[PDB]
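See structure below.
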Amino acid sequence: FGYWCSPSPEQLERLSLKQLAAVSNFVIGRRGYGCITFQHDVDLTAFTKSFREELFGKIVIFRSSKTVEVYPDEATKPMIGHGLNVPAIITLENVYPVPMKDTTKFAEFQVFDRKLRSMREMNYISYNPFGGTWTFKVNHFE
């Protein structure tokens, strides 16, 4: 449903269980919603059933509320440093002040932007009011 990743599901299928434990350069997104770029190797061994069915909208969910969750079921969530529970850079699209998409009210965007910048757990990287594109870094998804 717009979900994609790199290496692609069909590529991940070629990896041994040992390789799968340390997938480099893993990226997962949803077109129109955003993207997660992992900063470290990720262990995808839990998802060998079907990378596509496990990852796309179950383990990783980009929602219409302009948010993303990784491991939304607390039973599926490994410790920090394991699985996908590792540092990542995230871009979310169409993120706007309250839903106030009017760029002519620039002062209001500046208030919102300062709120984004003050976030403790979603460490600000950038925010572009023309499109509502918010980029930030997380240390994990606990």
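So you can find residues: chains in the structure tokens are A, B, ... in the order shown, residues in each start at 1, and ligands are numbered from 1 in order.
Excluding residue 137 in chain A and any residue on its chain fewer than 4 positions from it, the residues at most 6 Å away by only C-alpha atoms are residues 88, 89, 122 and 123 of chain A.
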Would you pick out the contacts of residue 37 in chain A at 9 Å or less, using only C-alpha atoms, so that residues sharing its chain but fewer than 6 positions from it are not included, and give the list as a PyMOL selection string? chain A and resi 25-29+87-91
For residue 76 in chain A, please output as a PDB file with N, CA, C and O atoms, in the first residue's frame all residues within 10 Å (counting only C-alpha atoms; exclusion window: fewer than 6 positions along the same chain).
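Listing of out_23.pdb after writing:
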ATOM      1  N   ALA A  46      13.703 -12.252  12.461  1.00  0.00           N
ATOM      2  CA  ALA A  46      12.338 -12.478  12.892  1.00  0.00           C
ATOM      3  C   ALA A  46      11.303 -12.453  11.773  1.00  0.00           C
ATOM      4  O   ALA A  46      10.163 -12.815  12.023  1.00  0.00           O
ATOM      5  N   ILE A  59       4.826  -4.553  11.260  1.00  0.00           N
ATOM      6  CA  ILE A  59       5.948  -4.181  12.131  1.00  0.00           C
ATOM      7  C   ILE A  59       6.252  -2.664  12.020  1.00  0.00           C
ATOM      8  O   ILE A  59       6.600  -1.997  13.016  1.00  0.00           O
ATOM      9  N   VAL A  70       7.096   1.610  14.992  1.00  0.00           N
ATOM     10  CA  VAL A  70       7.871   0.425  14.693  1.00  0.00           C
ATOM     11  C   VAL A  70       7.647  -0.449  15.919  1.00  0.00           C
ATOM     12  O   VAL A  70       7.770   0.027  17.032  1.00  0.00           O
ATOM     13  N   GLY A  83      17.089  -6.330  16.621  1.00  0.00           N
ATOM     14  CA  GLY A  83      16.057  -6.197  15.611  1.00  0.00           C
ATOM     15  C   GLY A  83      16.152  -4.849  14.934  1.00  0.00           C
ATOM     16  O   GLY A  83      17.253  -4.409  14.620  1.00  0.00           O
TER      17      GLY A  83
END
Looking only at the backbone, which of the residues in chain A does DSSP tag as helix (DSSP H, G or I), as a PDB file with C-alpha atoms, in the first residue's frame?
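selection_0.pdb was written with the following content:
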ATOM      1  CA  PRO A   9      11.803  -8.062  -0.002  1.00  0.00           C
ATOM      2  CA  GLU A  10      12.792 -10.271  -2.904  1.00  0.00           C
ATOM      3  CA  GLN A  11      16.414  -9.383  -2.373  1.00  0.00           C
ATOM      4  CA  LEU A  12      16.237 -10.069   1.372  1.00  0.00           C
ATOM      5  CA  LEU A  17      20.055 -16.436   8.383  1.00  0.00           C
ATOM      6  CA  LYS A  18      23.547 -15.265   9.410  1.00  0.00           C
ATOM      7  CA  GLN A  19      23.519 -12.357   6.877  1.00  0.00           C
ATOM      8  CA  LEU A  20      19.974 -11.539   7.860  1.00  0.00           C
ATOM      9  CA  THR A  45      15.721 -12.815  11.173  1.00  0.00           C
ATOM     10  CA  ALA A  46      12.338 -12.478  12.892  1.00  0.00           C
ATOM     11  CA  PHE A  47      10.625 -11.744   9.549  1.00  0.00           C
ATOM     12  CA  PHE A  51       9.406  -9.760   4.651  1.00  0.00           C
ATOM     13  CA  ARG A  52       6.625  -8.060   2.748  1.00  0.00           C
ATOM     14  CA  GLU A  53       3.747  -9.238   5.009  1.00  0.00           C
ATOM     15  CA  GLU A  54       5.602  -8.856   8.272  1.00  0.00           C
ATOM     16  CA  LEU A  55       7.180  -5.457   7.607  1.00  0.00           C
ATOM     17  CA  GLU A  74       4.885  -4.799  22.673  1.00  0.00           C
ATOM     18  CA  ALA A  75       5.251  -8.633  22.438  1.00  0.00           C
ATOM     19  CA  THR A  76       7.146  -8.283  19.156  1.00  0.00           C
ATOM     20  CA  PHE A 106       4.699  32.057   8.504  1.00  0.00           C
ATOM     21  CA  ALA A 107       4.894  33.147  12.141  1.00  0.00           C
ATOM     22  CA  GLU A 108       2.727  30.186  13.119  1.00  0.00           C
ATOM     23  CA  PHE A 109       5.119  27.816  11.241  1.00  0.00           C
ATOM     24  CA  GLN A 110       7.964  29.377  13.244  1.00  0.00           C
ATOM     25  CA  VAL A 111       6.188  28.569  16.528  1.00  0.00           C
ATOM     26  CA  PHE A 112       5.626  24.987  15.323  1.00  0.00           C
ATOM     27  CA  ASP A 113       9.188  24.686  14.146  1.00  0.00           C
ATOM     28  CA  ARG A 114      10.452  25.777  17.579  1.00  0.00           C
ATOM     29  CA  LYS A 115       8.253  23.091  19.146  1.00  0.00           C
ATOM     30  CA  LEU A 116       9.815  20.501  16.742  1.00  0.00           C
ATOM     31  CA  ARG A 117      13.263  21.739  17.705  1.00  0.00           C
ATOM     32  CA  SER A 118      12.595  21.278  21.457  1.00  0.00           C
TER      33      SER A 118
END
Which residues are close to residue 132 in chain A, i.e. within 7 Å by only C-alpha atoms, leaving aside same-chain residues fewer than 2 positions away? Reply as JSON, numbers by chain. {"A": [93, 94, 95, 96, 127, 128, 129, 130, 134]}
Keeping only N, CA, C and O atoms, write those residues as a short mmCIF file (atom, residue, chain, number, x, y, z; two decimals), in the first residue's frame.
data_model
loop_
_atom_site.label_atom_id
_atom_site.label_comp_id
_atom_site.auth_asym_id
_atom_site.auth_seq_id
_atom_site.Cartn_x
_atom_site.Cartn_y
_atom_site.Cartn_z
N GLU A 93 6.18 13.13 6.10
CA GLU A 93 5.63 14.11 5.15
C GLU A 93 4.28 14.65 5.68
O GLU A 93 3.64 14.06 6.55
N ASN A 94 3.91 15.83 5.20
CA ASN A 94 2.64 16.48 5.52
C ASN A 94 2.41 16.67 6.99
O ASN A 94 1.33 16.40 7.47
N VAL A 95 3.43 17.13 7.70
CA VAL A 95 3.40 17.37 9.14
C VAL A 95 3.23 18.89 9.34
O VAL A 95 4.08 19.69 8.92
N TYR A 96 2.12 19.29 9.95
CA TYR A 96 1.73 20.72 9.97
C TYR A 96 1.25 21.13 11.34
O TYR A 96 0.85 20.27 12.12
N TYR A 127 12.99 20.96 9.14
CA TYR A 127 11.57 20.99 8.90
C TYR A 127 11.25 22.00 7.78
O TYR A 127 11.58 23.16 7.86
N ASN A 128 10.64 21.51 6.72
CA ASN A 128 10.32 22.34 5.59
C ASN A 128 8.80 22.55 5.56
O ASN A 128 8.04 21.62 5.33
N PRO A 129 8.37 23.79 5.84
CA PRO A 129 6.95 24.09 5.88
C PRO A 129 6.28 23.94 4.53
O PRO A 129 5.07 23.72 4.48
N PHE A 130 7.04 24.01 3.45
CA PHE A 130 6.47 23.77 2.12
C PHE A 130 6.48 22.29 1.85
O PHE A 130 7.40 21.71 1.25
N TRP A 134 9.35 16.85 7.95
CA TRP A 134 10.05 16.87 9.24
C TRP A 134 11.03 15.72 9.26
O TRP A 134 10.61 14.56 9.10
#
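Counting from CA of residue 14 in chain A, the distance to CA of residue 30 in chain A is 23.0 Å.
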Please indicate the distance in Å from CA of residue 58 in chain A to CA of residue 73 in chain A, rounded to one decimal place.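 Result for CA of residue 58 in chain A versus CA of residue 73 in chain A: 8.9 Å, one decimal.
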